Amino acid sequence: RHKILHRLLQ
Amino acid sequence: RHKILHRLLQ
Amino acid sequence: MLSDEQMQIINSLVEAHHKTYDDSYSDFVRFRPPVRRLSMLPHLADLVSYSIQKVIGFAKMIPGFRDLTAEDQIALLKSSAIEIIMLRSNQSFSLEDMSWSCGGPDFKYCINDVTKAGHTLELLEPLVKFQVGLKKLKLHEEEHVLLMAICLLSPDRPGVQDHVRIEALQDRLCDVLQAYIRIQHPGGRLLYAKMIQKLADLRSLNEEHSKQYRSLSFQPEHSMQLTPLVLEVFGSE
Amino acid sequence: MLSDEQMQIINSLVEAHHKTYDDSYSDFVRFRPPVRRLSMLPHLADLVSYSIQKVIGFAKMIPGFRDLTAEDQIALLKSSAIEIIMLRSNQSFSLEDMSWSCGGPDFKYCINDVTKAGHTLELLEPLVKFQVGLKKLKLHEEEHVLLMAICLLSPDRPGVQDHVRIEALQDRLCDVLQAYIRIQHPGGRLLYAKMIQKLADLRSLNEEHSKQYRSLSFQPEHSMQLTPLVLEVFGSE
Ligand SMILES: C[C@H](CC[C@@H](O)CCO)[C@H]1CC[C@H]2[C@@H]3CC[C@@H]4C[C@H](CC(C)(C)O)CC[C@]4(C)[C@H]3CC[C@]12C
Ligand SMILES: C[C@H](CC[C@@H](O)CCO)[C@H]1CC[C@H]2[C@@H]3CC[C@@H]4C[C@H](CC(C)(C)O)CC[C@]4(C)[C@H]3CC[C@]12C
């Protein structure tokens, strides 16, 4: 879930 | 599943 | 008179905004180009996707955001993102133009261009009235930046767990805002209240965007035109 | 001598290809512009996404594809899409240029530009050797189009249920292809076998693309740059 968001949050 | 594909296939 | 702790908060909020707002608008040439009733959707979706990244960069530098849970960070971003984009867009909105001047002539966004991306006047007239209402307030950049952080840090957002922690962060931001206005903003005795009213305006613009986004995302030949980050942030998932 | 039933198949395959291959390349200006090690990924992903739509339009007009189940159609498209794009791209590949001439100078794709989208020479050298091998065969457009349909209609693809039905469609396509070559292609006594060899080449290019796509899609700051249709068609989902 929220793959990109988790990434951009470091 | 495959929302866009199902659409483009009519 | 403002304390040093409150002073550092302002400094770091201003530094965070300057790192994530490119006044030269030179990334806009990267987007799918504009076309001038859905002619603007590819361009405007690349635009909003780019803006979402700037808001994530901004939020990651708010004092204490980094220390919330990943879940609380995601929840606050998914409900506030569209409001901070509308808010941060005020710096390129023009009262004379009634448009968003983002660099060259291809990125001057009139009301005509912005009605060509799936959304209607029920969203676009209020949003334009919001922009001129907010421009007319003539906020110091410190106030503008404080409001973005207060808006992001709202605990009355769907999905937040640590309500009391987020509320304490926002409270300390509001204290700084009221203090700054009193001491550094001449004739600002009413300005705190107006800004909070504009936050209410934002909630209403959010609902109407969400309602209309729903209609876009139910048409796969339209949602196809969005970006992965938009689909994830505005998704119900 | 070819029958009328076999003749109509050729006619409708040629008409299907002409409707879905734009020789003017005028949609390419719609894509996120090229930049000349991941500088080309936004542009090339918009490119492949556009091509996938043309392949879906092509497939929907193959005699009997429309009558398969939606599941069989999706399975055949998810495994063959990348192969038909490589195959249909031969019409703009140039032996003199070693490049794909797609209109203006911004859309001449050398081997340098195409190594700037996340994929490596392990994929790109074989693909280029495939293009010159296939160009050198000098296929009639009827043969080129028959091969695209035979490639799409393969029943030895992961996910297909009605094996026997898909196999019967492909068999009748192969009959038309061998018959056309014998009767209409001078000196083509070996050409059927070479074309089938090129289909094997395609299987190998597919595996290597899938392996490398996996590495892109596991990096969210890269898969973020793809389009919804790419993510859906090349996904494992
Ligand atoms: C161009 C202009 C400002 C750009 C710059 O200042 C940089 C901002 O960070 C934006 C601001 C709000 C945007 C609208 C928000 C509401 C919807 C969102 C839609 C995105 C989506 C289709 C996913 O719903 C696209 C249409 C729109 C009306 C936006 C247009 C661009 C505006 C005015
Ligand atoms: C420009 C060129 C031809 C375009 C036109 O003839 C229209 C085609 O319908 C394409 C063909 C194969 C493409 C490569 C396929 C393998 C990968 C797919 C990647 C897409 C993705 C990142 C999702 O894996 C992007 C890089 C690439 C090497 C392609 C580059 C463009 C080519 C040569």
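1. Focus on the overall build of chain C
Stage number 1. If you tally the helices and strands in chain C, you get 10 helices and 3 strands.
Stage number 2. Mapped from its N terminus to its C terminus, chain C presents α and β elements in the order α-α-α-β-β-β-α-α-α-α-α-α-α.
Stage number 3. In terms of C-alpha radius of gyration, chain C reaches 18 Å, essentially the compact-globule figure of 18 Å for 237 residues.
Stage number 4. Counting only C-alpha atoms and orienting by the principal axes, one finds that chain C spans roughly 55 × 40 × 30 Å.
Stage number 5. Among the 237 residues that make up chain C, the fraction classed as buried is 55%.
Stage number 6. Total accessible area computed for chain C in this model is approximately 11200 Å², and 53% of it derives from carbon and sulfur atoms.
Stage number 7. Charged side chains of chain C number 26 positive and 31 negative; the gap between the two group centres comes to 4 Å.

2. Re the nonpolar core
The tendency in soluble globular proteins is for nonpolar side chains to be buried side by side.
Stage number 1. By size, the foremost hydrophobic cluster in this structure holds 84 residues, and its most contacted members are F65(D), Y109(D) and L152(D).
Stage number 2. The dominant element in this core, judged by the number of residues it contributes, is helix α2 (residues 41-60) of chain D, at 10 residues.
Stage number 3. Apart from residues lying up to four places away in sequence, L152(D) is in contact with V55(D), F58(D), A59(D), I62(D), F65(D), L76(D), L77(D), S80(D), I84(D) and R157(D).
Stage number 4. Counting residues in each nonpolar core, the second largest holds 82 residues, with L9(A), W100(C), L153(C) and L216(C) among its members.

3. Thoughts on the interface of chain B and chain C
Stage number 1. The interface is formed by 4 residues belonging to chain B together with 5 residues belonging to chain C.
Stage number 2. When the two sides are added together, the surface that chain B and chain C hide from each other amounts to roughly 390 Å², 74% of it contributed by carbon and sulfur.
Stage number 3. Of all residues in chain B, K3(B), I4(B) and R7(B) bury the most surface against chain C, accounting for 86% of the area lost on that side.
Stage number 4. Linking chain B to chain C there are 1 salt bridge.
Stage number 5. The salt bridge involving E221(C) is made with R7(B); its shortest N-O contact spans 2.9 Å.
Stage number 6. In this structure, the connection of chain B to chain C is made through 1 residue pair in polar contact.
Stage number 7. Residues of the side of chain B that touches chain C, tallied by class, amount to 2 nonpolar, no polar and 2 charged.

4. Here we look at the interface of chain A and chain C
Reports of interface size often rely on the accessible area that becomes lost once the parts have come together.
Stage number 1. With 9 residues of chain A at the interface, the matching set in chain C holds 14 residues.
Stage number 2. Summing both partners gives a buried area of about 1100 Å² for chain A against chain C, and 69% of it is carried by carbon and sulfur.
Stage number 3. The largest contributions to the chain A side of the interface with chain C come from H2(A), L5(A) and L9(A), which together make up 57% of the buried area.
Stage number 4. Viewed at the interface, chain C and chain A are joined by 4 residue pairs in polar contact.
Stage number 5. For the side of chain A that touches chain C, the per-class residue count stands at 4 nonpolar, 3 polar and 2 charged.

5. Notes on the site of ligand 2
Residue and element names in this part refer to chain D.
Stage number 1. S51, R88, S92, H119 and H209 are the nearest of the 19 residues found near ligand 2.
Stage number 2. The separation between an oxygen atom of ligand 2 and a polar side-chain atom of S51 is 3.1 Å.
Stage number 3. With respect to ligand 2, the side chain of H119 contributes an N or O atom lying 2.7 Å from an oxygen atom.
Stage number 4. Against a free-state accessible area of 700 Å², the protein chains account for coverage of 99% of ligand 2.

6. Topic: the sheet that holds strand β1 (residues 93-94) of chain D
All names here are of chain D.
Stage number 1. The strand order across the open sheet built from 3 strands is β1-β2-β3, with neighbouring strands paired in antiparallel fashion. The sheet terminates laterally at β1 and β3 (108-109), the two strands that pair on one side only.
Stage number 2. In this sheet, β3 lies alongside strand β2 (residues 99-101) in antiparallel orientation, the contact comprising 2 bridges. Bridged to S101 within β3 is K108.

7. Focus on the UniProt feature "short sequence motif: 9aaTAD" in chain C
Stage number 1. Here the UniProt-annotated "short sequence motif: 9aaTAD" positions come out as residues 228-236 of chain C.
Stage number 2. In residues 228-236 of chain C, the share of helix is 67% and the share of strand is 0%. The end C-alpha atoms are 14 Å apart.

8. Points about the layout of surface pockets
Stage number 1. Estimated volume of the second largest pocket: approximately 880 Å³.
Stage number 2. As for the second largest pocket, its lining consists of 33 residues, and the residues nearest its centre are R32(C), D46(C), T227(C), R32(D) and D46(D).
Stage number 3. Listing elements by their share of the lining of the second largest pocket, those giving two or more residues are α2 (41-60) of chain C together with α2 of chain D.
Stage number 4. Of the residues belonging to the lining of the second largest pocket, the class tally is 16 nonpolar, 9 polar and 8 charged.

Rules used throughout
- Residues numbered from 1 in each chain as written, not as in the entry; some residues may be left out.
- Chains lettered and ligands numbered in written order.
- Heavy atoms only, no water.
- Helix = DSSP H or I, 4+ residues; strand = E, 2+ residues; numbered from the N terminus.
- Rg over C-alpha atoms; globule rule 2.2 N^0.38 Å.
- Buried < 20%, exposed > 50% of the residue type's maximum accessible area, 1.4 Å probe, protein only.
- Areas by Shrake-Rupley, 256 points an atom, 1.4 Å probe, with all protein chains shown as cover.
- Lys, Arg positive; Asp, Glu negative; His and termini not counted.
- Charge placed at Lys NZ, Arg CZ, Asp CG, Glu CD.
- Core = buried A, V, L, I, M, F, W, Y, C linked by side-chain atoms within 4.5 Å.
- Contact = heavy atoms within 4.5 Å.
- Buried area = accessible area lost by both parts, 1.4 Å probe.
- Salt bridge = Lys/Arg side-chain N within 4 Å of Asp/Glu carboxyl O.
- Polar contact = N/O pair within 3.5 Å; in protein donor to acceptor, adjacent residues only side chain to side chain.
- Nonpolar A, V, L, I, M, F, W, Y, C, P; charged D, E, K, R; others polar.
- Near = heavy atom within 4 Å.
- Pairing = 2+ DSSP bridges.
- UniProt positions renumbered as here; feature names shortened; annotations may be inferred.
- 1 Å grid on protein atoms, 1.4 Å probe; cavity = no way out; pocket = protein on both sides within 12 Å on 5 of 7 lines; lining within 4 Å.
- Points joined across faces, edges and corners; volume = space filled by probe spheres on them.

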